[PDB]
Amino acid sequence: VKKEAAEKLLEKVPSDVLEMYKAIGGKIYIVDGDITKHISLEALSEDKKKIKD
Amino acid sequence: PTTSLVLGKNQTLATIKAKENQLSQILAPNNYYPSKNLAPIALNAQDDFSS
(Lines give C-alpha, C1' and ligand atoms only; values in the text may rest on other atoms or scores of the structure.)
Protein backbone atom coordinates (compact mmCIF):
# COMPACT_ATOMS: atom_id res chain seq x y z
CA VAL A 1 0.00 0.00 0.00
CA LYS A 2 0.84 3.76 -0.33
CA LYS A 3 1.31 5.98 2.80
CA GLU A 4 -0.93 9.10 3.21
CA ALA A 5 2.22 11.22 4.02
CA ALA A 6 -0.01 13.91 5.75
CA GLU A 7 1.29 17.45 4.95
CA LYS A 8 -1.81 18.96 6.79
CA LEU A 9 -4.59 21.31 5.50
CA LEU A 10 -4.52 24.01 8.26
CA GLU A 11 -2.19 26.97 7.43
CA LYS A 12 -0.66 29.27 10.13
CA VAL A 13 -3.04 30.14 13.03
CA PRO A 14 -5.87 32.67 13.77
CA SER A 15 -3.61 34.07 16.59
CA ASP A 16 -2.15 36.58 14.08
CA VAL A 17 -5.68 37.89 13.17
CA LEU A 18 -6.59 37.59 16.88
CA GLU A 19 -3.50 39.80 17.72
CA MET A 20 -4.51 42.32 14.97
CA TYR A 21 -7.87 43.21 16.64
CA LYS A 22 -6.25 42.64 20.10
CA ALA A 23 -4.86 46.16 19.39
CA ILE A 24 -5.73 48.44 22.38
CA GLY A 25 -4.33 51.85 21.26
CA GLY A 26 -4.64 55.20 23.11
CA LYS A 27 -7.90 56.49 24.69
CA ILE A 28 -9.23 59.56 26.71
CA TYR A 29 -8.75 63.37 26.24
CA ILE A 30 -7.24 66.23 28.37
CA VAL A 31 -9.73 67.99 30.75
CA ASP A 32 -10.15 69.83 34.16
CA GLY A 33 -7.16 72.16 34.89
CA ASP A 34 -6.83 73.69 31.37
CA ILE A 35 -5.08 77.07 32.12
CA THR A 36 -6.98 79.11 34.84
CA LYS A 37 -6.19 82.88 35.21
CA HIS A 38 -9.04 85.12 36.62
CA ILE A 39 -8.89 88.72 38.10
CA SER A 40 -11.65 91.36 39.03
CA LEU A 41 -13.34 92.81 42.19
CA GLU A 42 -16.94 91.48 42.06
CA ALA A 43 -16.27 89.55 45.34
CA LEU A 44 -15.89 92.46 47.84
CA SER A 45 -16.03 96.31 47.63
CA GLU A 46 -14.45 99.34 49.45
CA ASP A 47 -16.03 102.86 49.57
CA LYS A 48 -16.66 105.35 52.46
CA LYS A 49 -20.26 104.60 53.66
CA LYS A 50 -20.80 106.16 57.15
CA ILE A 51 -23.83 108.00 58.69
CA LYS A 52 -24.10 111.62 60.00
CA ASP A 53 -26.56 114.49 60.76
CA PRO B 1 12.98 95.44 32.88
CA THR B 2 11.33 94.64 29.57
CA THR B 3 13.57 92.18 27.75
CA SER B 4 13.54 90.10 24.59
CA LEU B 5 14.68 86.60 23.60
CA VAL B 6 16.07 86.72 20.04
CA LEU B 7 17.36 84.02 17.70
CA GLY B 8 19.65 84.44 14.75
CA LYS B 9 20.18 87.85 13.24
CA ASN B 10 16.93 89.45 14.35
CA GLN B 11 14.46 86.59 14.79
CA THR B 12 12.80 87.55 18.05
CA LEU B 13 11.47 84.62 20.02
CA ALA B 14 9.64 86.59 22.66
CA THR B 15 9.33 89.88 24.49
CA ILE B 16 8.78 89.56 28.23
CA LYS B 17 8.14 92.20 30.87
CA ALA B 18 9.57 91.29 34.27
CA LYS B 19 6.91 89.78 36.56
CA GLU B 20 6.53 89.91 40.35
CA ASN B 21 8.88 86.98 40.75
CA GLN B 22 11.42 89.09 38.87
CA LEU B 23 10.99 92.31 40.83
CA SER B 24 14.03 94.08 42.23
CA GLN B 25 13.19 96.38 45.11
CA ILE B 26 16.53 98.22 45.22
CA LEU B 27 19.18 98.60 42.56
CA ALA B 28 21.78 100.94 43.99
CA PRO B 29 24.52 102.08 41.59
CA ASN B 30 27.60 99.89 41.13
CA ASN B 31 25.59 96.89 42.28
CA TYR B 32 23.98 93.72 41.01
CA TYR B 33 20.60 92.15 41.60
CA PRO B 34 21.07 89.61 42.98
CA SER B 35 24.49 90.00 44.55
CA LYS B 36 27.52 88.50 42.85
CA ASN B 37 27.98 85.73 45.41
CA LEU B 38 24.43 84.55 44.78
CA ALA B 39 23.15 82.87 41.65
CA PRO B 40 21.26 84.83 38.95
CA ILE B 41 17.51 84.81 38.77
CA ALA B 42 15.30 82.64 36.57
CA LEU B 43 12.88 83.99 33.97
CA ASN B 44 10.61 81.33 32.49
CA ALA B 45 7.12 82.80 32.21
CA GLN B 46 4.91 84.73 29.75
CA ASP B 47 1.59 85.43 31.62
CA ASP B 48 1.08 88.11 34.33
CA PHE B 49 0.23 85.27 36.77
CA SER B 50 3.25 83.35 35.29
CA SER B 51 1.27 80.09 34.63
# chains A, B, ... in the order shown; residues from 1 in each chain; ligands from 1

call {"tool": "interface_residues", "arguments": {"of": "chain A", "to": "chain B", "cutoff": "10 Å", "atoms": "only C-alpha atoms", "output": "list in words"}}
result
residues 35, 36, 37, 38 and 39 of chain A

call {"tool": "write_last_selection", "arguments": {"atoms": "N, CA and C atoms", "output": "PDB file, in the first residue's frame"}}
result
ATOM      1  N   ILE A  35      -6.090  75.994  31.860  1.00  0.00           N
ATOM      2  CA  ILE A  35      -5.080  77.066  32.122  1.00  0.00           C
ATOM      3  C   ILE A  35      -5.350  77.701  33.492  1.00  0.00           C
ATOM      4  N   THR A  36      -6.489  78.403  33.617  1.00  0.00           N
ATOM      5  CA  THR A  36      -6.982  79.107  34.837  1.00  0.00           C
ATOM      6  C   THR A  36      -6.178  80.380  35.147  1.00  0.00           C
ATOM      7  N   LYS A  37      -6.790  81.546  34.905  1.00  0.00           N
ATOM      8  CA  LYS A  37      -6.190  82.879  35.213  1.00  0.00           C
ATOM      9  C   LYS A  37      -7.050  83.539  36.302  1.00  0.00           C
ATOM     10  N   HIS A  38      -7.977  84.403  35.854  1.00  0.00           N
ATOM     11  CA  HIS A  38      -9.037  85.117  36.625  1.00  0.00           C
ATOM     12  C   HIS A  38      -8.545  86.298  37.478  1.00  0.00           C
ATOM     13  N   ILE A  39      -9.207  87.467  37.338  1.00  0.00           N
ATOM     14  CA  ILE A  39      -8.890  88.724  38.100  1.00  0.00           C
ATOM     15  C   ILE A  39      -9.962  89.810  37.867  1.00  0.00           C
TER      16      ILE A  39
END

call {"tool": "atom_distance", "arguments": {"atom1": "atom CA of residue 46 of chain B", "atom2": "atom CA of residue 32 of chain B"}}
result
23.9 Å

call {"tool": "select_by_dssp", "arguments": {"residues": "chain A", "states": "alpha helix (DSSP H)", "output": "list in words"}}
result
residues 15, 16, 17, 18, 19, 20 and 21 of chain A

call {"tool": "residues_around", "arguments": {"residues": "segment 4-15 of chain B", "least_positions_apart": "3", "cutoff": "12 Å", "atoms": "only C-alpha atoms", "output": "list in words"}}
result
residues 1, 18, 43, 44, 45, 46 and 47 of chain B
